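Reading through the structure tokens given below for one structure.
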Amino acid sequence: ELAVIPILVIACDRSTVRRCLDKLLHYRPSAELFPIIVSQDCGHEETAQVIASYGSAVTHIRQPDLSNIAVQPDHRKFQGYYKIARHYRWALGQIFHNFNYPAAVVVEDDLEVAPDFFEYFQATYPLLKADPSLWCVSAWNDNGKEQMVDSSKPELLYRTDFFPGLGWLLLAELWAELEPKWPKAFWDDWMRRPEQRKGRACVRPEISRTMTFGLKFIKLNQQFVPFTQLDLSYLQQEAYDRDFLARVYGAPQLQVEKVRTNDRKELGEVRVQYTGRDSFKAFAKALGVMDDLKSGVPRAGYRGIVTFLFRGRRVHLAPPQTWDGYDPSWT
């Protein structure tokens with residue numbers, strides 16, 4: 001069954017929200033199934049005029065409080081981040097309380113969507129509703145540069161412990177949990193903390209369904225995949241944690257230097273094992289994978305495993321299988 005899922009576009013003072021809206025409107029399959037609500041903060045007149053010119057194709061709402069926010073002593077340079085957090089709190093409150101929608105896909109104004117962006121969320125929304133171990137579906141692959149993704153598998157999806165944002169679906173139920181403790185600033189890194197995440201994962205793709213414009217190297221998928229016609233049961237936690245983990249640890253192990261230099265090419269899928277924070281950093285860097293960690297979680301990591309393509313080979317940068325939780329001190 002098809003479900004109504006609003007798209008909440010977060011805008012402020014960039015006239016290029018035009019490019020974001022033009023792509024969303026071009027690919028939208030139904031205005032009824034995907035109403036677009038553009039929440040504009042900042043009161044930038046030119047941007048307001050641009051949004052208004054779309055007329056009824058979107059609903060334009062305006063964050064009401066344009067005042068400066070009192071910041072804490074360590075944050076004089078970060079007024080903008082306090083304003084962003086205030087805008088998200090207000091806009092999500094509008095989509096879930098005033099409009100009373102059951103879920104929403106949050107899209108920053110500098111994101112261009114892929115042709116199957118809507119199909120992807122329509123197909124994954126039922127997974128999010130049914131699996132309490134998931135808390136979001138994201139269009140973003142943090143290691144999604146062209147040379148690091150398999151273009152022959154545009155349909156492949158994964159679970160990740162690293163909340164990616166950048167085009168993401170959440171349920172009204174999650175907003176009910178987050179709203180009472182919403183932070184003053186740095187909302188996305190706050191969601192990445194264990195006190196918020198509570199061990200929950202997001203679905204993310206092999207090839208990103210959003211790309212930033214105006215991170216710049218992430219490749220936007222251009223081959224339409226009919227996700228609603230595919231069997232996505234493999235993403236259920238019980239199946240995924242058995243099958244994907246058996247796949248990762250069943251793969252032959254190779255030293256990082258051998259992967260880097262393309263040795264043993266007959267092995268199309270391998271595992272590079274790291275044992276501590278220093279080796280994770282070093283190995284990630286050697287293979288061109290993002291090496292920063294938020295609350296101890298690596299970008300696109302799942303049970304500590306970062307999966308990507310390297311010189312055409314599938315690689316799993318993984319901890320020993322005795323892994324049992326993230327350590328926030330891995331900074």
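Numbering starts at 1 and runs along the chain as displayed.
If you're wondering, the header gives X-ray crystallography, 1.5 Å.
Note that Cβ sites are derived from N, Cα and C of the backbone, with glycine treated the same way.
Quick look at what Swiss-Prot annotates:
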- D188: active site, proton acceptor (ACT_SITE)
- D110: Mn(2+) binding site (BINDING)
- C12-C42: disulfide bond (DISULFID)
- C136-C202: disulfide bond (DISULFID)
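Projection of Swiss-Prot feature records onto the structure.
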residue	record	contacts (Cβ under 8 Å, 6+ apart)
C12	disulfide bond	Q40, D41, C42, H44, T47, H87, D109
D110	Mn(2+) binding site	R14, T16, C20, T212, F213, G214
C136	disulfide bond	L128, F163, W168, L169, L170, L174, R200, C202, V203
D188	active site, proton acceptor	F163, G165
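Each of the disulfide-bonded residues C42, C202 was ranked by the number of other C-beta atoms within 10 Å, and first place falls to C202.
Each end of the 13-residue unmodelled stretch has a Cα atom, at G214 and at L215, and these lie 11 Å apart.
Taken residue by residue with DSSP, the residue listed as 'active site, proton acceptor' is part of a helix. According to DSSP, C202 (disulfide bond) is assigned to a strand segment.
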